[PDB]
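**Student:** Got a structure here, written out as structure tokens. Questions coming.
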Amino acid sequence: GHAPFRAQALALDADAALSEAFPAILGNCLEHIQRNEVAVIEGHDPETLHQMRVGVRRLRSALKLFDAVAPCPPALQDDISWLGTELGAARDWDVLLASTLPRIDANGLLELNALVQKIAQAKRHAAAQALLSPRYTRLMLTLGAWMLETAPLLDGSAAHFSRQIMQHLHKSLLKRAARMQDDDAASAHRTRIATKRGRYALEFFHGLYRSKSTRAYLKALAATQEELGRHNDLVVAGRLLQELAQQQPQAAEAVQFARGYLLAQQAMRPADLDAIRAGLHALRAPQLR
Ligand SMILES: [Zn+2]
């Protein structure tokens with residue numbers, strides 16, 4: 007309520023088992039979602055919604071790496087996708103209003124800003140209703156119950172599991188950054204998600220790896236995510252405004268002006284792959300300690 011909740015720092019023991027790490031990682035993800043509930047329902051704060059959306063993304067990536075040892079039931083995965091879409095739609099409209107539209111310097120953009128704010132507030136109300144619905148509360152309860160049941164069934168230490176995942180994710184990131192080509196949406200998106208997956212996994216198994224080696228690895232990853240995410244916000248804005256033009260034909264002139272400005276920003280300032288390649292060419296897989 008009122009205050010935004012950021013993901014709690016998870017410091018796992020070096021000698022900790024997989025049966026101890028799995029409920030600690032997923033529990034941290036569920037807490038990150040739960041502690042933002044009230045503020046997303048009652049308020050309109052963008053950071054509280056941002057933190058809840060990130061929490062859902064962190065949970066989905068955690069279930070993806072744990073999929074081999076503990077596969078999540080398909081019914082829960084459908085509800086996680088529903089929750090991600092509901093909070094995601096509200097987040098997309100908030101990014102457009104606070105970050106994508108203000109960087110646009117023809118005079119009819121004031122009424123467009125009022126229309127976008129109206130949609131963003133309505134999407135926040137729609138997200139609030141999704142959280143108050145029994146579908147959400149049942150999902151959080153069923154996920155927690157499944158987490159605790161599957162936890163003692165896992166074999167080996169956390170260090171043995173993390174090294175296999177970290178080797179695959181570093182291999183996946185470097186491969187996608189090399190296969191990456193200019194003006195290709197599919198390759199740029201694959202690199203951005205490999206950057207997110209790698210950042211989350213290293214934050215989950217934080218107390219298992221070297222303090223100064225991971226800090227430099229996370230810095231190079233966060234910089235790559237910031238660059239590819241900047242170009243991604245521009246293409247999402249163009250998609251959201253084109254959808255708004257079809258539903259609201261009255262503000263179409265103001266929409267097309269904003270769409271024209273953003274389409275040019277995509278061509279004039281594309282995702283600087285050369286700076287990304289130079290930022291990731293030196294990176295070595297973080298070693299256990
Ligand atoms: Zn309201």
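The sequence shown lines up with residues 7 to 111, 117 to 300 when you count with UniProt numbering.
Cβ atoms here follow ideal geometry from the backbone N, Cα and C, with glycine treated the same way.
Could you name the residues of the same chain whose beta carbon sits closer than 6 Å to that of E53, not counting the 5 residues immediately before and after it, in chain order?
**Tutor:** Within the sequence shown, residue 53 is the residue found at index 47, counting from 1. Once the five neighbours on either side are set aside, the close Cβ partners of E53 are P10.
**Student:** Around the C-beta of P297, are 16 or more other C-beta atoms found within 10 angstroms, so that it is buried, or is it exposed?
**Tutor:** Numbered from its first residue, the sequence shown carries residue 297 at position 286. Result: buried.
**Student:** Return the bridge partner residues of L299 from the DSSP annotation.
**Tutor:** Numbered from its first residue, the sequence shown carries residue 299 at position 288. Partner(s): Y220.
**Student:** Return the residue from the list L32, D98, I39 that minimises the CA-CA distance to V247.
**Tutor:** Here residue 247 is taken as the residue at index 236 of the sequence shown, counted from 1. When each option's Cα is compared against that of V247, the closest is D98.
**Student:** Can you tell me the Cα-Cα spacing of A104 and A133, whole angstroms?
**Tutor:** Numbered from 1 along the sequence shown, position 98 holds the residue referred to as residue 104. Numbered from 1 along the sequence shown, position 122 holds the residue referred to as residue 133. Each residue's alpha carbon lies about 16 Å from the other.
**Student:** Unbroken alpha helix (DSSP H) runs of length 4 or more, entirely within the stretch 172 to 233: which are they?
**Tutor:** Qualifying alpha helix (DSSP H) stretches, in chain order: 196 to 215.
**Student:** Judging by CA-CA distance, which residue of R300, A227, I31 is the nearest neighbour of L159?
**Tutor:** For the purposes of this step, residue 159 is taken as the residue at position 148 of the sequence shown. Comparing Cα-Cα distances from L159 to each of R300, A227, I31, the minimum goes to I31.
**Student:** Under a three-way DSSP split, which group does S87 fall into?
**Tutor:** Looking up residue 87 in the sequence shown gives position 81. The answer is helix: DSSP assigns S87 an H, G or I state.
**Student:** Are the stretch 209 to 224 and the stretch 165 to 177 touching by the rule of at least three beta carbon pairs closer than 8 Å?
**Tutor:** With the cut-off at 8 Å, the stretch 209 to 224 and the stretch 165 to 177 touch.
**Student:** Please report how far the alpha carbon of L299 lies from the alpha carbon of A233, in whole angstroms.
**Tutor:** The residue labelled residue 299 in the question sits at position 288 within the sequence shown. The residue labelled residue 233 in the question sits at position 222 within the sequence shown. Taking the straight line joining both Cα atoms gives about 21 Å.
**Student:** Distance, Cα to Cα, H181 vs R66?
**Tutor:** To locate residue 181, count along the sequence shown from 1; it is residue 170. To locate residue 66, count along the sequence shown from 1; it is residue 60. So the two alpha carbons sit approximately 19 Å from each other.
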